[PDB]
Protein chains: 2
Amino acid sequence: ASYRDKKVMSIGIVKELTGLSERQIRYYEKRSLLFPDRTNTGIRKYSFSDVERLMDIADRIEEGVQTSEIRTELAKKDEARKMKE
Amino acid sequence: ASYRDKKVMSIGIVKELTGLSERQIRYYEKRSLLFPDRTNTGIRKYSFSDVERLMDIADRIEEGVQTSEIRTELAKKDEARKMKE
DNA sequence: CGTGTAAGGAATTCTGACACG
DNA sequence: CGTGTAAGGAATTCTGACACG
């Protein structure tokens, strides 16, 4: 849970965990699909929940959904999550 | 659980999480107190369980226990863990 | 014993560009 | 649209040494 949301992995490990390239991972963030934190030196840090978020994103893109559509879906899920709490 | 044991953090994040220097973290490993994995390029990777292991180590060292004594205690705990499973 | 620092080398990540389309 | 690559710069980690004790 806390382990799941703590931003502690750099992009290289995420790449290995998701099978996504750095290009893809940074692009999804650029498309406001996820929000990694940044060390004070500019290095992006991801949590396990981010990794899972990235895999769901990749799956949707596989089924032919544009990032914009994915952003809408993600927004609903995020809102929904705030409800179950 | 799986999140807890997956080796995914590099030493910089561990330092920030434990408050230990790189010197201390690498030394404890050298004293066979923990076993981080290594990327194929030589970079040590730690899991959340490692981070907690490191904090317990630091606490024992605080109470004046030598690394050798800590290694014995850790060995028992590891053996005990294999029992509760 | 345990931990601090200086020192160069290797590896990682960063951004913006060029490319295809 | 989404993703690949080349390109230099900044930041990270690595090991072994010197230091105190």
Side-chain angles (χ1 to χ4, degrees), chain A residues 6-75, chain B residues 6-75:
Chain A
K6 206 73 172 186
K7 310 293 194 183
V8 302
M9 297 170 259
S10 58
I11 206 169
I13 283 300
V14 174
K15 167 184 66 186
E16 186 162 330
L17 262 34
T18 67
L20 301 166
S21 65
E22 291 161 52
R23 189 74 168 102
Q24 293 174 303
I25 295 169
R26 292 195 284 254
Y27 178 70
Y28 300 157
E29 172 184 1
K30 184 181 189 61
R31 297 297 299 175
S32 53
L33 265 41
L34 66 154
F35 311 84
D37 278 347
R38 294 262 190 154
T39 65
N40 284 341
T41 51
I43 311 304
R44 292 175 183 72
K45 288 296 172 173
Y46 309 70
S47 62
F48 277 112
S49 56
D50 289 330
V51 168
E52 287 171 35
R53 191 178 180 102
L54 283 166
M55 303 188 287
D56 293 335
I57 288 170
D59 292 340
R60 290 267 56 191
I61 285 175
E62 299 310 344
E63 309 170 326
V65 178
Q66 182 197 128
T67 47
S68 291
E69 305 259 5
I70 297 177
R71 189 241 146 230
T72 305
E73 292 174 8
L74 250 14
Chain B
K6 206 73 172 186
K7 310 293 194 183
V8 302
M9 297 170 259
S10 58
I11 206 169
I13 283 300
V14 174
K15 167 184 66 186
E16 186 162 330
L17 262 34
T18 67
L20 301 166
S21 65
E22 291 161 52
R23 189 74 168 102
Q24 293 174 303
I25 295 169
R26 292 195 284 254
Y27 178 70
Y28 300 157
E29 172 184 1
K30 184 181 189 61
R31 297 297 299 175
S32 53
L33 265 41
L34 66 154
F35 311 84
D37 278 347
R38 294 262 190 154
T39 65
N40 284 341
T41 51
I43 311 304
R44 292 175 183 72
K45 288 296 172 173
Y46 309 70
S47 62
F48 277 112
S49 56
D50 289 330
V51 168
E52 287 171 35
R53 191 178 180 102
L54 283 166
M55 303 188 287
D56 293 335
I57 288 170
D59 292 340
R60 290 267 56 191
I61 285 175
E62 299 310 344
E63 309 170 326
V65 178
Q66 182 197 128
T67 47
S68 291
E69 305 259 5
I70 297 177
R71 189 241 146 230
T72 305
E73 292 174 8
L74 250 14

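No hydrogens, no waters, no symmetry mates; every other heavy atom, side chains included, goes into these values. Here is the naming used below: chain letters follow the sequence lines, and residue numbers restart at 1 for every chain.
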> What residues form a salt bridge (charged side-chain N to carboxylate O under 4.0 Å, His left out) with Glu73(B), not counting sequence neighbours?
Replying inline: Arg60(B)
> Any side-chain heavy atom of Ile57(A) within less than 4.5 Å of one from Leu74(A)?
Replying inline: yes
> Taking only residues two or more places apart in sequence, or in another chain, which ones meet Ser32(A) in a side chain to side chain contact (heavy atoms under 4.5 Å, CB included)?
Replying inline: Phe35(A), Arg71(A)
>> Taking only side-chain N and O atoms of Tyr27(B), does any of them lie within less than 4.0 angstrom of OP1 or OP2 on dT3(C)?
In response: no
>> Can you confirm whether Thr18(A) sits close enough to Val51(A) that some side-chain heavy atom of one is under 4.5 Å from a side-chain heavy atom of the other?
In response: yes
Look for any protein N or O under 3.5 Å of an N or O in nucleotides 12-19 of chain C and output each such pair with its distance, or none.
unit_1: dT12(C); atom_1: OP1; unit_2: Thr41(B); atom_2: OG1; d: 2.7
unit_1: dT13(C); atom_1: OP1; unit_2: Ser10(A); atom_2: OG; d: 3.0
unit_1: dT13(C); atom_1: OP1; unit_2: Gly12(A); atom_2: N; d: 2.8
unit_1: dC14(C); atom_1: OP1; unit_2: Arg44(A); atom_2: N; d: 3.0
unit_1: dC14(C); atom_1: OP1; unit_2: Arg44(A); atom_2: NH1; d: 3.0
unit_1: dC14(C); atom_1: OP2; unit_2: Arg26(A); atom_2: NH1; d: 2.7
unit_1: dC14(C); atom_1: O5'; unit_2: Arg44(A); atom_2: NH1; d: 3.3
unit_1: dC14(C); atom_1: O3'; unit_2: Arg38(A); atom_2: NH1; d: 3.4
unit_1: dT15(C); atom_1: OP1; unit_2: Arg38(A); atom_2: NH1; d: 3.0
unit_1: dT15(C); atom_1: OP1; unit_2: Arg38(A); atom_2: NH2; d: 2.8
unit_1: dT15(C); atom_1: OP2; unit_2: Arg44(A); atom_2: NH1; d: 2.9
unit_1: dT15(C); atom_1: OP2; unit_2: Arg44(A); atom_2: NH2; d: 2.8

> Pairs in or reaching into residues 15-26 of chain B: which pass salt bridge (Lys or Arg N to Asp or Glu O under 4.0 Å), with residues at least two apart or in two chains?
Replying inline: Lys15(B)-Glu22(B), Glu22(B)-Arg26(B)
>> If the condition is salt bridge (charged side-chain N to carboxylate O under 4.0 Å, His left out), which residues does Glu52(B) pass it with, not counting sequence neighbours?
In response: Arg4(B)
>> How many whole angstroms separate atom CG of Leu20(B) from atom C1' of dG4(C)?
In response: 14 Å
>> Tell me which pairs pass ring-ring contact (aromatic ring centres under 6.0 Å, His included) where either residue lies in residues 39-75 of chain B, with sequence neighbours left out.
In response: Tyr3(A)-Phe48(B)
> Can you tell me which stems DNA chain C forms when a stem means 3 or more consecutive Watson-Crick or G-U pairs under 3.5 Å?
Replying inline: C:2-5 with D:17-20, C:17-20 with D:2-5
> Got a sec, which residues hit salt bridge (charged side-chain N to carboxylate O under 4.0 Å, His left out) with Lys7(A), two or more places apart in sequence or on another chain?
Replying inline: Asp50(A)
> In whole angstrom, what separates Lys30(A)'s NZ from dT3(D)'s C1'?
Replying inline: 14 Å
>> Rounded to whole Å, how long is the line connecting atom CG of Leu33(B) with atom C1' of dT3(C)?
In response: 15 Å
> Which residues satisfy the side chain to side chain donor-acceptor pair (under 3.5 Å) test with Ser21(B), sequence neighbours excluded?
Replying inline: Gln24(B)
> Partners of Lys45(A) by salt bridge (charged side-chain N to carboxylate O under 4.0 Å, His left out), sequence neighbours excluded?
Replying inline: none
> Which of residues 51-70 of chain B have a heavy atom under 4.0 Å from DNA chain D?
Replying inline: none
>> Please enumerate all residues that pass side chain to side chain contact (heavy atoms under 4.5 Å, CB included) together with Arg31(A), with sequence neighbours excluded.
In response: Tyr27(A), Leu33(A), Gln66(A), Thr67(A), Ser68(A)
> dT3(D) phosphate, OP1 or OP2: any side-chain N/O from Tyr28(A) under 4.0 angstrom?
Replying inline: yes
